[PDB]
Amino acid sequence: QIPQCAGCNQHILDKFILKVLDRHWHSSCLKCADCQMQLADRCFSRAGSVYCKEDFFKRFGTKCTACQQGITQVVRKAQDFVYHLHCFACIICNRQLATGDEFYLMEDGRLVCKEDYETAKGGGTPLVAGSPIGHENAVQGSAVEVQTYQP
């Protein structure tokens, strides 16, 4: 089926069809709201608009998953979730997780150290704590893929 552009809602007759996480785009509609630059690498969307990596970081403040508050300091990451270092902590024992620590990530971003998770015997994802990283590397935009309507 010929997709309608997520941006302009028109049918995309371009041979190349850009796909951003389950949505389809004209190449010419995937442009940063700020600097009007084509988005070929990846896409940063907030609210109802799209931005490049640079213009996005300078516009929106990344909010910690646990405390829901802004963070120019290094952060911790588990999957897509982003945390203050002091919020990267087990919800049961309140102990801060450190690089190398084994923990479980719950669906809503709640963190549980390995020992407390396994002691209590819902569904958690096993992970190993990575070292702190910068915001830039923290929030990786959505991948822009390319599809073509073929026979």
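Numbers follow the displayed sequence, beginning with 1.
Where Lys121 is followed by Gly122 in the displayed chain, the model omits 10 or more of the deposited residues that sit between the two. Unmodelled residues of the deposited sequence between neighbouring positions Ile71 and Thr72 number 1 to 3.
When the C-alpha B-factors of 61-69 and 102-110 are averaged, 61-69 comes out higher. For the pair 41-49 and 82-90, the record assigns the higher mean C-alpha temperature factor to 41-49. Within the selection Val128, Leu13, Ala138, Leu18, the deposited Cα B-factor values reach their highest point at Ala138.
Among all modelled residues in this chain, the alpha-carbon of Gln36 has a temperature factor (C-alpha) in the highest third.
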